[PDB]
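Working through the structure, step by step
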Amino acid sequence: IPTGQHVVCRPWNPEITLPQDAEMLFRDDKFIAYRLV
């Protein structure tokens, strides 16, 4: 994880709601990956 950033994964949720400070990385069948910047 790049310094100052935080990568977070959550249980798969097609309707996942992320903050404006988040960027989407990818969506899996098990979990969804995003990072805070």
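Each chain is numbered from 1 in the order of its written sequence, a scheme that can depart from the entry numbering, and any residue without coordinates is omitted. Each side-chain value is worked out from all heavy atoms of the structure, with water and hydrogens disregarded.

Method of structure determination, per the deposited record: solution NMR was used for this entry.

Each PDB entry has a title, and for this one the record gives "Solution Structure of DRB4 C-terminal domain, DRB4D3".

1. Quick word on the packing of aromatic side chains
The following threshold applies: Ring geometry is summarised as follows: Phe, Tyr and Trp rings, the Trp one being its six-membered ring, pair when their centres sit within 6.5 Å, and such pairs are stacked at plane angles under 30 degrees, edge-to-face over 60 and tilted between the two. Classification of residues uses two cut-offs on accessible area relative to the type maximum, computed with a 1.4 Å probe and protein chains only: under 20% is buried, over 50% is exposed, and between them is partly exposed.
Enumeration over the complete set of coordinates arrives at one aromatic pair. On the basis of an interplanar angle of 70 degrees and a centroid distance of 5.7 Å, the ring pair of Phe 26 and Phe 31 is categorised as edge-to-face. Judged by its relative accessible area of 28%, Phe 31 falls in the partly exposed class.

2. Side note on the pattern of salt bridges
Condition: By definition, a salt bridge exists where a carboxyl oxygen of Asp or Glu is found within 4 Å of a side-chain nitrogen of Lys or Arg. By the criteria applied, helices consist of DSSP H or I runs no shorter than four residues and strands consist of E runs no shorter than two, each listed in order from the N terminus.
The tally for this structure, following the rule as stated, stands at one salt bridge. For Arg 35, the salt bridge is made with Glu 23, and the minimal N-O distance between the two is 2.8 Å. With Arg 35 in strand β3 (residues 31-36) and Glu 23 in strand β2 (residues 22-27), the pair connects residues that are twelve residues apart, well separated along the chain. Note on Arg 35: relative accessible area 27%, which makes it partly exposed.

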